[PDB]
Structures are given as C-alpha cells and as structure tokens.
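Report on the following structure.
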C-alpha cells in the first residue's frame, strides 16, 4: 500500500511498483521491503499501479516503508507534464543570483531543480 | 600471389557490399540491412564526439570510422573456420598500432611543442619530483603503444588457438571407443560456448580499440 | 610459432597499408557521406 | 628430452593457477548484478546488458590463462 | 621414465590449487542473493534466475580448471 | 622412489585447494546472519537459499579433496 | 628411502597452507555475528544457533586439511 | 641444453599466474559500473566512457604479463 | 641423512604460511567488535563474550598450523 | 647452461608482480565510478586526482616489469 | 652443508607467515578510526579494546617470527 | 660459480614478488581519497596532503623490497 | 660453500616476500584516516595521532620480515 | 539553511510551467514578521 | 546507391601517413633481418 500526501494535495494517500529517488540513489518498493526511512531528494518519481505508470515530479521529502507494508511518501509539491521552459529562463536569473550572495545556496538548489527538470 | 594480399582483397570486397546492395538505392524509409549501418554510424558518431569532442571532433571521424570497420570486419573474417588470419598475423595489427601511436606522438610534439612533455606532468606536486612523474608517466605512455595492439592481437590469437586445440582433443575423443563417443558431445559444446564467446569479445574488442585510440588522440589533439 | 612467423613481413605490410589507405579514402569520400545523405534528407523532410 | 617433457607437464599445472582469478572475477560481476537489481527493482533493463558485457570481459582474461595452459599441456 | 610419471602427479596437484578461486566465487554470488532478497523480499522471483545464471558461469571457470587437473592426472 | 614421492607431494599441493572452500562456506554464512539481522523476517525465504548456497560452496571443496585423495591412494 | 621420507615431511608442511583459509573463514562468520547482534539488539536468540552452525561448517574444511596432513606425515 | 629448454617452459608456466590479478581487476571495474548505474540511472551516459577507459587500463597490466608469457613461449 | 633433515627444516618453513590466515582472522574479529560497539554504544556487554569466543576459535586454527611445524621439528 | 636457465626461471617469477598492479588500477577506476555516481558533479575535481592515482598505481607495476626485462634480456 | 642450506631456505619461507599479521594490525586500527569518527565518544571504551586486538593480531606474527629464529639456529 | 650466479638471478626473481603489495597499497589510499572527496566536496584541502603522505608511506615498504631485489641482482 | 652461499641469496629473496603485507597494511590505515576525516570533518585532532600509532606497528611487522632478509642477504 | 528550508527553496522553484493555477501562486506568497523578544525587551521585527 | 563527395581532410592526416612510411621502410629492414638467422 502507498500513501502519498502533500501539504496541498492527497495523491495515492495496494500500489504495484513505486520508484522513488532518495539520498541513497534510487529505491524501488514492491510488496514488503526493508522498513527503512530514507530522505527523498528533489526528484522525478514514478508510481505504477498494475502496468500503468504515472510520473510525478516531487520536491523531495521523506519516504518511509513502514513495517506493515505502507509506503508513506510526504513531499511539498508536484504531475510531471504540468511542471513543464520559463524555468529555463529562470535559471539564468538564478545564475546571476549565485554571484551576489544564502542566495548562493538557494540558487544552487535552483541549478539542481532545472537540471532535474531538463533531465526529464 | 601472397595469402595476406588475397585476404586483404576479401576484406575490401566485404566492406564494399555493405554500402552498395545492402541499401535500396538510398531509400529514405530505411531497409532492414541499412538500419545496421545506420546504428554503426550513430554509435561512432556519438562515441568520437564524446572522446575527441571539441572544435574539431569530426576531422578525425573518418579515420576512427575506418579503424572501427576494418577491425569489425577483420574479427569476423578471421573467425571463419577455414580462413587466413590477417589479424593473427599480429605484426600487421601491431604495426598499425605503432603507426597510430607514433602519429599521435609526432602530432602532439608538432602541435604542442617541446612542452608536449608537460602533458606528462599531470598534477602539481613538489618540484624535485615533477621530472620523476614525467619519467614514469612517459614510460606508461609508450606502454600504451604496445598495449593497444597486443590487446586485440591476444584476443584473436587466443580464440583460434583455444578452439583448434580443443577441437583436436575432441576429435580423438570421438575416435576412441564408442561408449566415450556417447557423452562426448559435451566437450564439443564447450568449443561451441567458446566460439559464441569469441565472436562477442571480438566485437567488444573492436569497440575498445576505437575508444582507446580516441583517448590517445584526445590527448594528442587537446593538450590535457 | 611458425604460423605467426613468416619472413614475408614487409610483403604483408605492403598489402596491409595499401588496404588501409584504400578503405580510408573509400569510407571518407564514398560511403560515409552516403549515410550523411540519408540523415540530411530525413531532416529536410522533417523541416518541410 | 624426458626432462623437457616433464617440465612441460609441470608447467601446464602452473598455468592452471591463473584460472582462479577469473573464477572470483565472474562472481564479482554477478554479485553486482544481484545487488543492483535489488536496489531498484527496475534498473534491470539497463543493468542486464552491462552484466553481459562484464561477464565477457572477465571471462576473456580467463581464456588467456587457458590458452597458455593448453600451449604447455598439449603443445 | 620416473621423471615423467612424477611430473604427471606433480602437475595434477598444482592444477588443483586453481579450483579454490572458483569456490570463493560461488560463495560471493550466493552472498549477494541472500542480502539482496533480504533488502526487498519480493525481488526473489526476478533475482533468482539471475542468481542461478551467475552460479553456473562462476562454476564453469572451476570446471575448466578441474578438466586440466584430470588431463594431467590421466595424461 | 621418485614416483611414490611424487604421490605424497602431489597430494600435499592439492590440500591448498581446500583453503578457498573454507572461506567460501563462511561468506555464505556471513550473508545468512547479515540477512536475518537485516530483515527480521526474511528468514523463512532465506533459509532454503542458504542451504543451497552452502551445498554448492562445499561442493567445490569436495572436488579439491577427492583429487587430493586420488593422488595419494592411487 | 631418504627421498620418500623427505617427501612425506614436505607434503605435511604443504598441507598446513589449507588451514589458513579455514581460519579466515571462522572469523568471517564471527564478524557477521557481531555485526548482526549490534544491529538489532534482539536478533541474537535466532542468530546465535545459525552462528554455531556456520562455525562448524567453516571449521570442517580445515579438519579435512588436518587429516590429509596426518596421512602424509605418518604415511 | 635440455635444462635451458626445460627452464624456458617452466618459466612460461610461472608467468601465467600473473593473469589472475588482471581478471579480478577487470571484474572490480565492472562491479563499480553496475553499482554506480543502479545508484543513479541518470549518471549512466557520463559514467559509461569512464568505465571502458578503466577497463582497458586495468586490462593492460594483464597484457604486460601475457607478453612475458609469449616472449618465453614463442621466443 | 642430509636430505631428510633438510626436508624437515624446509617443511617447517612452509608451515608458517598457515599462521598468516589466523593473523588476518583475528583482526577481522576485533575489527567487527570495534565496529559493533561503536554502532550500538551498548551492545558491548552481550557482544564481548561473543568476541572472545570468536577470537579463540580463530586463534585455534593458527595453533594447529604451529603444532604441525613443531612436529616436523 | 644453468645460468641461462636461471634467468628464464627468474623472469617467470618476476612476472607475477604485475598481478597486484592490475588489482590496484582497477580499484582506482572503481572508486572513480563510484564517486561520480555518488556526487553527480565531483568529477571535475576528482578526475585529475584519478589520473594521478592511476599513474602511481601503474608505476609500481612497471617496476615489476622492468625487473622482469632485466632478468630476461639481461 | 645441505642441512645448513635448508635452514636458510626455511627461514625465508618463515617470513611469509608474518605478512598476514601485518595486514591484520592495520585492519584493527582501521576499525578504531572508523568507530571513533562515527561516535566522537565511544573512544574511551574503544581505545582499550583496540589495544587488546592490536597485541593479539601482532602475536600471530610473533609465532611466525619465532619459527624463523628456530630454523635459523636449527 | 654457475650455481652462485644462478642463485643471484633466482633470488632476484623471488624478491620481485613483494613489490605487488605496494601497488595495491597505492590504490587503497587513492580510493579513499576519491571516496572522501566525493562525500564532502570540501574535505579535500585537509585530505589531499594526508593522502600524499599515505602514498609515500605505503610506497616505502615496496621500495625496501625493490632495494633487496637490486642487491640480489647486481650484488 | 657454493650451496650455502646460494642458499643465502635464495633465502633472502624468499624473505623479501613478507614486505608486501606491510605495504597493504599501511595503506589501510591511511585509507581509514581519510575515510574518518571525511566522515567527521573534525575528528582529526584525536584521530591523526591514532593513525600514526596504527601505521607504526603495521610497518614494524614489515621491518621484521626485512630484518630476516638482511640477515640472510648480508650474512 | 535548515532541512525544511532546503526543501522550501526547491518547492518555490517548482512553482515556476506558467500554466499553473492562482492557488499555487498564492501558496508561494507569504507575509510575516519575526519579532524577536528577550527577557520584555523587543529586538526589531523583520520580514521572513 | 553511391555518390562521391571528396573529404579534403586527408591533409590533416599527414603525420599518420608519415609514420606509415617510416614503419614501412623499417619493416623492410626487419623482414630482411628475419629472413636471416
């Protein structure tokens, strides 16, 4: 079972195969899995129910396989196609931001986010 | 004539046929056979743009393509079970390797002066062992000279020699008493497994040639 | 091994370097640009 | 000649030692395959060709030992 | 003569050393299987075919070694 | 004489082969323990896997052993 | 006479080499025991009989080496 | 003379042992490739050139070894 | 005479090789002990008996090699 | 005769030294591949360090090889 | 003089045994550094534990060394 | 004379074995350098001089071995 | 004697093999140092002295092997 | 930069494509003043 | 089927061809030396 809930939505809140991108690379959960807690990095996420696959762009969060086979995914915001050009313009602004100043870290996250979006 | 000359002609004739009757007079849609030579084009395009990428990357793209295709065909022709191995005349493959290696060394010296040997200072280190790190970098630099040739050479030589010696053993295994002839097919199957592996490792070695003498050419074309 | 040693090395090498120069010209001028025709044509149909 | 022939048969055995490394080698590649597939549940389409490449290359090093072994043993 | 007969028995022994490598290899593949299946308890149906493939290939290097041992033993 | 000497030497050499098998058995058992501690609950699935792995690891050792004996006795 | 007796002593010495692998093996099982028990605090009752089993099997390979050593020494 | 020829073929056998190292090495590079890819699917295109580069360089030591074997055998 | 006494000495030298395995073995046990204890902070009282047991068994293998050396001497 | 034999035997034994260098080289490249997959972006810093590491590991293997040639030819 | 030759040969072989202990010593100390870096705080318990292992690993090598001296003297 | 000269050459060859450990040694240090630097992105200024120290020290044992090899060979 | 002087040179060569273990050992300590420092960022003030201690005894095991080599070699 | 701050900036970036609803844009707007206090005494209020 | 487009970068491959000539000459001497004992 998968429970995917966000502070403004409830998505998948069983689910056949789920692929999640975590600070440990990528983790896939199918049935029982070891009941770890792993922090989700800014991500492209796929959730598959049967063979049907739905693709989510996930802002990072935390993932926890519960020892009862409940995949708790919580993250700040997301479908993938909806996120998708103007942001590519925005990264140019963000590059400028790296130059001036906390803003560096912010802009670094922005570089990660454009890169991740360009990746898909 | 010379056996070597006759098989070089056979290689030339194999290579011609792949671009003169494989295709349907250059049909845009693409023929099943012509799809093969498209994929070869793309994987060396995308490989040699990746290796010797830079302003010039396509200027040595024909050379890396005919170094692919020569070895790619010569590791199929040399594996026919009654054929004269051009490649297992190691001296031609090794001579070709030394030629490309010297033609990199000369190209590098010409393009990047006598400060070409600054390539063999790879990293900042205290100055009294900067020259040391040139000696035991250059030693390895012309170990690449013989590695590139001997890699391919060993692969081809080992395949034919392995198969023929085991073939000779299994011939005499089936030439003795028939109860050993029964349950004597399993060593033949071992030669079959080796032959399956030898075709695979020959195409893999041909790709490895062309990436490595792209890597040496990367060094020669772009100093560091 | 005598099957890997002829003394005909320079003979071999003559026919060998001839095949290399032949294939180099042959690919470069003939067979490589006829693949590039397929590509450029495909892209021209794509534009129109 | 008896000395040289005995030297061959001993030397053949010596060459056989080289195979041991390849045996461990095959395993190292397959261990990675199993581990990786366990990580993703899904990487396997990408990784399985990589495993085949890996098997062939490791095995090839093994064959070099085998051909030297047979050069002494038979040859 | 005595030298040749000795050489067969010596060379056989030397060959046997090689087999040790394959043994370690086999274990490594199984180790990956156990750990892998532990990490995702439903990976087993995919992974178990892969595991048997890895076993067989690792074992094969051992087989070639043991063949050379028997060739020296009886030749 | 020399031929009989060669039997005793040959046997000795073969005994070296056993070292690998010893390491092998252990590697499988290490994985069993690691696996059990890792899942808490894989144990019923993993136990038949472990037995299989033990047997195969051991088998390579057995081949080394029989060659050792074979050179000694005959 | 002298040669055969000499050979027996040498062969016994060679046989000890086999033991080295069993030593490393035992350690590997025990390391796993320590690591597992430290990971769970609670697996220990299940894991301890497994550990004893693994010890015995690993040890047993070394035992095989020992009996062969005695056989060569004594003849 | 026979001693020289004997020694040549013995020496050949001895050199072959070196190859085992390269076989394990080749496997180690491929193990890294499989693990890296599984840990990040998007890395794959960057990593694949580096993997082949590493394979060759690893292999090269084995080819040096093999060349000594061939120097003795053919020469 | 000479050959047999020589052979005994040679055989003894060879016997040391078995000990190397034990040396590594002991280290692996102790490394594990340190790792476990550093991971848990508190496993140590359960683990320390286990560690001593593992040490002894590893050492015992080396002892077997050593006594065979002594027998040849 | 015996001297000629000795240099050939010694050449064989010396070749074994290469074994370690092959493992060494692979460990450097392995760490490179692992590192780049871990960071996504370390590679610019790490790649010079990796080439340095390759050279030093390889150099040890070349020491083995030159000793082999000093025996064999010399 | 064959016996005297044999003493010297045996001695050389005896050094091989020491190699394992040398690696072993480092492995224990590696664990120490790892543990200490993980906790910052385990260190006061662990440093004694480490020293116990350090000595023990060394002792195996001492046995090998002792056999070398026993051979050398006879 | 012949035996003594022979013994120099044989002794040199045997000595060359030891060098291998130092080769592996350099790699173990460099592996840690790469791994550490990949973990932090920023440890590197401390870690790089530590690594060069580690290289030199690991190498030193190898160099002692190389000295003995030369002493046997030339001396 | 010829045999005795030969045995000194040969025996020395064998003695040199021991150095390999120390080389790998030293590298492991420095690897652990780099790993630890990269893990903590800041442990180093305590840990660097510890690393020198671990280095020292690992090195010492090598020096023992070396000293046996010197004894045989020099006489 | 706290862990949740790290995620926060990423989330803000994700609202950048332009097809997005007003409520999304409203969730990115904020208005607050962290007014520090001590002892009674009040160090000055300043926007988040 | 076929078409011809000259690729003029054969004069960029001048050190490669020069190396071929040198090795060609050297192999003449090598072949003569190998046809001798």
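Among residues that are under 15 Å from residue L:35 (Cα atoms) and outside any helix (DSSP H, G or I), residue J:40 is included. The single condition from (1) over 17 Å from the mean Cα position of the chain (by Cα); (2) surrounded by 19 or more Cβ atoms within 10 Å (Cβ to Cβ) that residue C:17 fails is (1). Of all residues in the stretch L:33-68, those satisfying the criterion of being more than 7 Å from chain M (Cβ to nearest Cβ) and closer than 20 Å to residue M:11 by Cβ are L:66, L:67. Any chance the stretch F:34-41 includes a residue that's within 7 Å of chain G (Cβ to nearest Cβ), buried (at least 24 other Cβ atoms within 10 Å of the Cβ) and under 19 Å from residue E:52 (Cα atoms)? No, every residue in the stretch F:34-41 fails to be within 7 Å of chain G (Cβ to nearest Cβ), buried (at least 24 other Cβ atoms within 10 Å of the Cβ) and under 19 Å from residue E:52 (Cα atoms).
Can residue B:206 be described as more than 10 Å from chain D (Cβ to nearest Cβ), within 19 Å of residue B:78 (Cβ to Cβ), crowded, with 19+ Cβ neighbours inside 10 Å and touching a helix residue (DSSP H, G or I) at 6+ places or on another chain (Cβ under 8 Å)? Taking the combined requirement at face value, the residue satisfies it. Restricted to the stretch N:20-45, and to residues there that are within 14 Å of chain A (Cβ to nearest Cβ), outside any helix (DSSP H, G or I) and surrounded by fewer than 10 Cβ atoms within 10 Å (Cβ to Cβ), the residue that is nearest to the chain's Cα centre (by Cα) is N:30. Scanning for something facing chain A (nearest Cβ under 9 Å), in a loop (DSSP other than H, G, I, E, B), touching a helix residue (DSSP H, G or I) at 6+ places or on another chain (Cβ under 9 Å) and under 21 Å from residue A:114 (Cα atoms), does the stretch N:8-15 turn up at least one residue? Yes, some residue in the stretch N:8-15 is facing chain A (nearest Cβ under 9 Å), in a loop (DSSP other than H, G, I, E, B), touching a helix residue (DSSP H, G or I) at 6+ places or on another chain (Cβ under 9 Å) and under 21 Å from residue A:114 (Cα atoms). Of the strands (runs of 3 or more DSSP E) that lie entirely inside the stretch A:1-72, those containing 3 or more residues that are surrounded by fewer than 22 Cβ atoms within 10 Å (Cβ to Cβ) and not assigned by CATH to the domain that holds residue A:111 span A:2-6, A:37-40, A:43-49, A:52-58, A:61-66.
Answer yes or no as to whether residue B:71 is in a helix (DSSP H, G or I), touching a helix residue (DSSP H, G or I) at 6+ places or on another chain (Cβ under 6 Å), within 14 Å of chain C (Cβ to nearest Cβ) and surrounded by fewer than 22 Cβ atoms within 10 Å (Cβ to Cβ). Against the criterion (in a helix (DSSP H, G or I), touching a helix residue (DSSP H, G or I) at 6+ places or on another chain (Cβ under 6 Å), within 14 Å of chain C (Cβ to nearest Cβ) and surrounded by fewer than 22 Cβ atoms within 10 Å (Cβ to Cβ)), residue B:71 does not qualify.
Within the stretch N:2-28, residues that are under 12 Å from residue A:83 (Cα atoms) have Cβ atoms under 7 Å from residues that are in a loop (DSSP other than H, G, I, E, B) in these pairs: N:11/A:59; N:11/A:76; N:11/A:77; N:14/A:59; N:14/A:77; N:17/A:84; N:17/A:85; N:24/N:15, counting only partners at least 6 apart in sequence or on another chain.
What is reported rests on the model, the rules as stated and the sources as named; no laboratory read-out is quoted. As a convention, Cβ positions derive from the backbone with ideal geometry for all residues, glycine included, and neighbour counts pool all protein chains shown.
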